[PDB]
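Chemist: need a 3D model of the following:
(chains A, B, C and D, ligands or ions: 2)
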Amino acid sequence: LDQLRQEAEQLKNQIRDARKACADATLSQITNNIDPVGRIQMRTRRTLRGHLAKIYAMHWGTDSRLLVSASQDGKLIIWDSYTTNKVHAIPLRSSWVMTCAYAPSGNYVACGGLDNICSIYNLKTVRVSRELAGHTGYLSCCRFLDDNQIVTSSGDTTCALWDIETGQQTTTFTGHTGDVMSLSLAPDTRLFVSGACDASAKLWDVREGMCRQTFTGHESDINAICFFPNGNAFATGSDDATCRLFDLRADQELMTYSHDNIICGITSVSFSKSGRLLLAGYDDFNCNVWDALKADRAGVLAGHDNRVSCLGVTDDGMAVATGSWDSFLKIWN
Amino acid sequence: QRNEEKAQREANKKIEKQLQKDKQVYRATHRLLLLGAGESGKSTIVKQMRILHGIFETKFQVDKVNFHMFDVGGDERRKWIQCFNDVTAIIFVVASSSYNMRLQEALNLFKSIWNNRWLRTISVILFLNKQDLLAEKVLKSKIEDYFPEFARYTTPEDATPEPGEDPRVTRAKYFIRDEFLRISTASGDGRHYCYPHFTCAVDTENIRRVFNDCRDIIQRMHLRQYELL
Amino acid sequence: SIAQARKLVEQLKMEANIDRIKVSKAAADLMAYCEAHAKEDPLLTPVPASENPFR
Amino acid sequence: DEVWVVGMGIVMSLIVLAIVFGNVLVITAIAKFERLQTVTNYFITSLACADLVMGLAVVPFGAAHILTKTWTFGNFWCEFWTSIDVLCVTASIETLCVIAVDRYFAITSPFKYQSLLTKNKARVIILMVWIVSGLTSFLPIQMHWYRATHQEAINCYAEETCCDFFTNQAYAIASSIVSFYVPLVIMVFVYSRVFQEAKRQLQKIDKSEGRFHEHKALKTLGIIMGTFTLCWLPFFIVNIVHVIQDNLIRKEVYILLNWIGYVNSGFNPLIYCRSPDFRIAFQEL
Ligand SMILES: Nc1nc2c(ncn2[C@@H]2O[C@H](COP(=O)(O)OP(=O)(O)OP(=O)(O)O)[C@@H](O)[C@H]2O)c(=O)[nH]1
Ligand SMILES: CN[C@@H]1CCc2c(ccc(O)c2O)[C@H]1O
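Modeler: Numbering: from 1, shown residues only, chains lettered A, B, ... in the order given. Ligands and ions are numbered 1, 2, ... in the order given. Pasting the structure now:
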């Protein structure tokens, strides 16, 4: 119907006008008087070996002790960072995997792959506790809400929430135009956001199940997302070299991190414990660290040959780990 | 303390021994990706394959050489291509008889797939099914009626025809291959090659053909590695 | 689907009614948090080797 | 005359350095970067180490002997010098043969290449090569199995002031047969087979896709074969000919050929380490 599409445009124009009216001053101008962090130099403290093929993603443990890594060969290996010694090596039925997560209590580990099934493993007993099925597209990310509920994202536009015992979709979130390839959880369990193949990245409410906001700053595919430690802002890294920091209380974006030299995409984004430093990977053989307050570069992390596809920061914030398409890991401090 | 350290050391040791042991098993096998357009006829081709021994995986071994396939079930931009940059070869199936009903669509995928930044060093083993049906349509829907570049491609200069019911069908056979090979030659520095084959609905030496193609690909890769080509 | 167009029509209306706060408050909150939690961050300042467990 | 005294010295000094620098750089590049470390590069390390030991040990001592025309050191020093010289030479040649046969196995049979050569096989092969090298050199020269029956030779052993190389015909024949001719024929057959396979593949490509579109192979094989054959061929022919016919060749010719054979170890990394990854690693340092 002709009228329906227009009604839609008028609403978009009103939203844009409201966002423009809410704008008062540039975010960069506010933090002009902040003293710069300066040069930050960190070196590799440990090197982890034992993987055969390219790795995809990893997740630090709730304690700063352990971490879990997954690779395309089809094995989950739980390292011990302090003594660089393996603990478990769980084979998988399907070789291709694209995500992993580590339970808050430390009693469960989950891994989802290109096969349309999310499976959970029990550490203390290993065997497959339950198999979660129902999606129509390949999985992209998954996180543990608690010991009982897990929220996942799929290649189809749907994002769902499961229950381990029942094994059924308690709630389904729909509205995305294309494929979803990112997800993160707030410090509390109330809210979570996602970034899809379309430039739009929205915010979802777990209990309500209704979308609350929509951000469309970027102009290409979105490949990473994370929350500010406060919980009132989130930063995004897209296929274009630009990295942008959105806001929740005010819909419009605040600052953009980009440079002329960089022409490669971003595959992972994470924040420091204090939130001052924004650490982002790159398609090139490098990992760059920025300053969140004034968009000034700090340092360069090098020592990877193939790519950088995973990144995470420990809860206490003492160490940062990076992954690669090479078989090797790396721990920085 | 020391006993705890001892225990961790012993576990690392068992895990490492088993991981080294499977390293040889992992390195021995060869991986193939199978991709094709709709209604091409890949299910029939997999039949002789299962005879040798969301994602369907096939394991078959010939002459003490292990092969393992990956059929992915699907007009969508694909972000799972990056995950398939380590396969030895890609099997591509195109229905030659399906011109009146889509061929332009298949070629459209081939350039798309031929120019990815992640599949630069991967060669393609190309099959052409529905051979029998092609002869019947040419011998009323003609290529000239549907395609405007049909002129002048009827005869192959190096044509080595099998005894043929139709000199004319031999004209339709080599027009499609020339269109497919026109894209393969244009991009890449010789790191990747195309292997065209002609196969009817009933065929038996498919395993032999794929074995020979894989051997040729590996020999070419090793020759280029040591700077002899 | 005509409905997907219909579904979008009420959805945009729902998301446009939220109150918008000026950027000054959000920027001030971010700056205040970053400045207050600077000491607790072990990556911003080089931790002593003795306190470092990795080294 | 003063020019004769110096020029020889400067030329000798340059030869001693270049070898040390190149071999040290190759060894450091192999040991440092993890990307370059693999099964095929473990063979290069043995050749680099052997050539480095040769260049550090025998070349300066021979140059000093040539310049001073007198052997100040003792007789056991002379025996040790000759022993390590023969050891290094034969070790390098057998390492080259092993590299050639490994390349042949990699090219001709690709499916079984992954299982045949494994970190266990490479270490055993290299240890066997070095053991054969040690057995050929130290055992017969530490004892007096290489002594000559000529009266001038006996006078030479009697005078400790100067030591030269004097051996019987049987030992020379045996050492030459073990060190040179068998590796030469093995390399010839290997590279002929490899060239035939490459020609067959090129013909297949030309027949298959020639409408739309072997100098490189010829040059690549020619450099490797010709350099080694020209460097190490005349010396062994002369080694046979002086033994077969007494008082036929001049000592200057012998020492000149032995010295021109030493330069081969200098140019080995240039031929065998021209890969782009090696270039990147060298430029990084
Ligand atoms: N005459 C003839 N018919 C064929 C040939 N190959 C396939 N067909 C027919 O075409 C049908 C479609 O091929 P299928 O094997 O079913 O392929 P599919 O499983 O639909 O796979 P997609 O191509 O991915 O859609 C087959 O079931 C046959 O009836 C062939 O070579 N000749
Ligand atoms: C003094 N130089 C020696 C003399 C003879 C000799 C060499 C090498 C290998 C042999 O089997 C030999 O008999 C030369 O390197």
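Chemist: CA atoms for contacts and neighbours, from now on please.
Modeler: Fine.
Chemist: need phi/psi at whatever residue of the stretch 1-150 of chain D ends up closest to ligand 2.
Modeler: Closest to ligand 2 within the stretch 1-150 of chain D is residue D:86: 4.5 Å, counting by C-alpha to the nearest ligand atom. Backbone torsions of residue D:86, given as degrees, to the nearest 10, read phi -60, psi -40.
Chemist: who are the neighbours in contact with it?
Modeler: Contact partners of residue D:86, counting by C-alpha atoms under 8 Å, 6 or more residues apart in numbering or on different chains, are residue D:137.
Chemist: and if you look at the one 10 residues further on?
Modeler: Contact criterion C-alpha under 8 Å, 6+ apart gives residue D:47 as the residues in contact with residue D:96.
Chemist: can you show me the helices along chain B?
Modeler: B:2-28, B:42-52, B:103-114, B:131-138, B:143-146, B:169-186, B:206-225 (DSSP state H).
Chemist: over to chain C?
Modeler: Assigned by DSSP H, the helices in chain C fall at C:2-15, C:23-36.
Chemist: right, and the ones you listed - which one's nearest residue D:148?
Modeler: Among the helices of chain C, the nearest to residue D:148 by C-alpha to C-alpha is helix C:23-36 (88.3 Å).
Chemist: tell me the SS of the nearest residue to residue A:317 once chain neighbours are set aside?
Modeler: Counting by C-alpha to C-alpha, 6 or more residues apart in numbering or on different chains, residue A:317 lies nearest to residue A:273, which is 5.2 Å off, once chain neighbours are set aside. On the three-state scheme (DSSP: H, G, I helix; E, B strand; the rest coil), residue A:273 is labelled coil.
Chemist: spatially central residue for chain B, please.
Modeler: Computing the C-alpha centroid of chain B and ranking residues by C-alpha atoms, centre = their mean puts residue B:91 first, at 1.6 Å.
Chemist: and the stretch 51-200 of chain D, which residues reach chain B?
Modeler: Neighbours of chain B within the stretch 51-200 of chain D, by C-alpha under 8 Å from any C-alpha of the partner chain: D:106, D:107, D:108, D:110, D:111, D:114, D:115, D:198.
Chemist: scratch that, chain A is what I was asking about
Modeler: A:50, A:52, A:85, A:86, A:87, A:88, A:89, A:114, A:115, A:116.
Chemist: how about residue A:172: what's its closest non-neighbour residue?
Modeler: Nearest in space to residue A:172, with sequence neighbours left out and distances taken as C-alpha to C-alpha, 6+ apart, is residue A:160 at 4.5 Å.
Chemist: what about the residue of the stretch 151-300 of chain A found nearest chain D, which SS state?
Modeler: Residue nearest to chain D within the stretch 151-300 of chain A (C-alpha to the nearest C-alpha): residue A:285, separated by 14.0 Å. The local conformation at residue A:285, judged by three-state DSSP, is coil.
Chemist: if I pick it, what's in contact with it?
Modeler: Contacts for residue A:285 (C-alpha under 8 Å, 6+ apart) come out as A:302, A:303, A:304, A:305, A:306, A:307, A:308.
Chemist: can we see that at 6 Å?
Modeler: Residue A:285 makes contact with A:304, A:305, A:307, according to C-alpha atoms under 6 Å, 6 or more residues apart in numbering or on different chains.
Chemist: between those residues, which is closest to chain B?
Modeler: Out of those, the member with the shortest distance to chain B (by C-alpha to the nearest C-alpha) is residue A:307, at 12.1 Å.
Chemist: count of neighbours near the closest one?
Modeler: Neighbourhood size, residue A:307 [other C-alpha atoms under 10 Å in any protein chain shown]: 19.
Chemist: restricted to helices, list the residues of the stretch 51-200 of chain D next to chain B.
Modeler: Those of these lying in helices (DSSP H): D:106, D:107, D:108, D:114, D:115, D:198.
Chemist: can you flag the buried ones in those residues?
Modeler: Buried members of those, scored by 16 or more other C-alpha atoms under 10 Å in any protein chain shown, are D:106, D:107, D:108, D:198.
Chemist: get me the contact residues on chain C for chain A.
Modeler: Contacts of chain C with chain A, taken as C-alpha under 6 Å from any C-alpha of the partner chain, map to C:9, C:16, C:20, C:21, C:22, C:34, C:37, C:41, C:42.
Chemist: so which of these comes closest to chain B?
Modeler: residue C:9 (26.4 Å).
Chemist: chain D: helices as residue ranges?
Modeler: D:2-32, D:41-68, D:75-108, D:113-116, D:119-142, D:151-158, D:169-176, D:182-209, D:215-244, D:251-262, D:264-272, D:276-284.
Chemist: name the residues that touch the helix or strand harbouring residue A:213?
Modeler: Taking DSSP states H and E as the definition, residue A:213 sits inside strand A:211-215. Strand A:211-215 has contacts (C-alpha under 6 Å, 6+ apart) with A:200, A:201, A:202, A:203, A:204.
Chemist: touching chain D at all, stretch B:117-132?
Modeler: No. Using C-alpha under 6 Å from any C-alpha, stretch B:117-132 stays clear of chain D, with a minimum separation of 13.8 Å.
Chemist: using the three-state scheme, assign residue A:225.
Modeler: Secondary structure assignment for residue A:225 (three-state DSSP): strand.
Chemist: which one is it nearest to, not counting chain neighbours?
Modeler: residue A:236 is the one closest to residue A:225 (C-alpha to C-alpha, 6+ apart), at 4.7 Å.
Chemist: and the one you found, its phi and psi?
Modeler: The phi/psi pair for residue A:236 (degrees, to the nearest 10) is phi -130, psi 140.
Chemist: what about it, neighbour count?
Modeler: Close neighbours of residue A:236, defined as other C-alpha under 10 Å, add up to 27.
Chemist: who's in contact with the residue of chain C found nearest ligand 2?
Modeler: Using C-alpha to the nearest ligand atom, the single residue of chain C nearest to ligand 2 is residue C:55, 51.6 Å away. Residues counted as contacts of residue C:55 (C-alpha under 6 Å, 6+ apart): none.
Chemist: could you rerun that using 7 Å?
Modeler: By C-alpha atoms under 7 Å, 6 or more residues apart in numbering or on different chains, residue C:55 lies in contact with A:45, C:49.
Chemist: from residue A:46, how far off is it?
Modeler: Separation of residue C:55 from residue A:46 (C-alpha to C-alpha, to the nearest Å): 9 Å.
Chemist: same thing with residue C:17?
Modeler: 51 Å.
Chemist: kindly report the same for residue A:15.
Modeler: Using C-alpha to C-alpha, residue A:15 is found at 50 Å from residue A:46.
Chemist: how about residue B:49?
Modeler: From residue B:49 across to residue A:46, the span is 46 Å (C-alpha to C-alpha).
Chemist: follow-up on the earlier one: make a markdown table out of the contacts of strand A:211-215 and add distance to residue C:50.
Modeler: Below are those laid out as a markdown table (distance: C-alpha to C-alpha, whole Å):
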| residue | distance to residue C:50 |
| --- | --- |
| A:200 | 47 |
| A:201 | 43 |
| A:202 | 44 |
| A:203 | 43 |
| A:204 | 44 |
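Chemist: right, I'll leave it there.
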